[PDB]
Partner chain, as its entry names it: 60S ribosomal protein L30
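Shown next as structure tokens: one chain only, the form deposited without its partner chain.
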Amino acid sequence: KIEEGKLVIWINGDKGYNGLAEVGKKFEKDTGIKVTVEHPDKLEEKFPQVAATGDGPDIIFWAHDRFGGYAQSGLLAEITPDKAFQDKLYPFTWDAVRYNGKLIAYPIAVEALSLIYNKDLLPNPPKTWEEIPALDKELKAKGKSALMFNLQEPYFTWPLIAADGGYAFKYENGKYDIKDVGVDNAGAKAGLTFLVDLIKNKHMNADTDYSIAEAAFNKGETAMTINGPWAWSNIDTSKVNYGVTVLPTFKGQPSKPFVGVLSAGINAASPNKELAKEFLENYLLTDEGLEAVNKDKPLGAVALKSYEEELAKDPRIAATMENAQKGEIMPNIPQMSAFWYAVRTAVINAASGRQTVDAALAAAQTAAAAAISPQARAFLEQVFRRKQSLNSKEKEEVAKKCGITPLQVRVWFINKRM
């Protein structure tokens, strides 16, 4: 499918899609080419589905960690910016979107979580995670709570979990070791344990999510929250006197948020590749372009040098870059999705008192390191139930959507048939 002659962009629902739509209208003004911006729920999971079959949006926005998986499967077109445009962005953001020596997306924003606090409830933010339980007690006596943040998505709990030892995939030389998952150690264990103790001691609720945490903070019901720059927009409208600062340390170590580089990748099947290139390069990645999105929902730090240095004057931007510096850029290898799924499962099962922190982290290591991830194996299990004989073309398709090589798909199936 993919209608030729226009542009269909997918971007997460928490970003400034309305602002990106504005950039689209401008593009339509100078070119006549219509651009529609959609924000499908779970787009990072949907993209590989439809893209595998040659469908989907012309352009996809998302943290670079998912992109390596997409490009390995042939779903992302290689972008070819010339020397001049390439110079307009920071080299480290370009490296984030480089897979197997190729550039597979245009870097946009450098995202990192920060500690967001209410200056009226709390004159001075806590320097450590350790003092927070005590702060909560002080605040509970006044009918308020110290902290609330999304506990459902690992992105928000990883900073504390990795603070003292956690890591995605062991990195030696220029290659990651996909069998060495760093959730399998004492540092990570202590961090998740601290998290569960906060929940067990009633300082947080195991069910709190993005909406609940945001609602609570924007109402002045909780003293602090943990979120990205995109969430600043709603806090401004709530008229809360907030500040954005460094994340609390744990065991003396800085919280280590995984830095995500929001990037725009071009669908390998798009018949509008030159248009997407032009829209992104000459329209979006300009001070006017980024600002249009920013005004809707803040991008936070950015990849465009010119605009990044203007934003640097904003203390919230500084805080964001502070946290970015203390954390680290996430890997973009195909195994990242299994990593996240693994951690997501661990945190929830541990926070629910279903599994011990230790048993949870051990299974996370097993799940994330599996040659075939649990999700995907499940995908393969479905399908097989429908068709137990793979067509040379269908297998190539299943590989793409699952994120495994055609070879793996083919060997499974044969093993499944023995």
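Residue numbers count along the first chain shown, from 1.
There is also a form solved in complex with its partner chain; it is not shown, and the following applies to it.
| field | Single option in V240, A269, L122, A206 placed near its partner chain in the deposited bound form, where near means a heavy atom within 4.5 Å | value | It is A269 that has a heavy atom within 4.5 Å of the partner.
| query | Out of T366, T356, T53, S352, which one falls within 4.5 Å of its partner chain in the deposited bound form, going by heavy atoms? | reply | So the residue touching its partner chain in the deposited bound form, by this definition, is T53.
| task | Could you tell me which of 338-346, 67-75, 83-91, 167-175 sits within 4.5 Å of its partner chain in the deposited bound form, going by non-hydrogen atoms? | result | Comparing against its partner chain in the deposited bound form, the contact stretch is 67-75.
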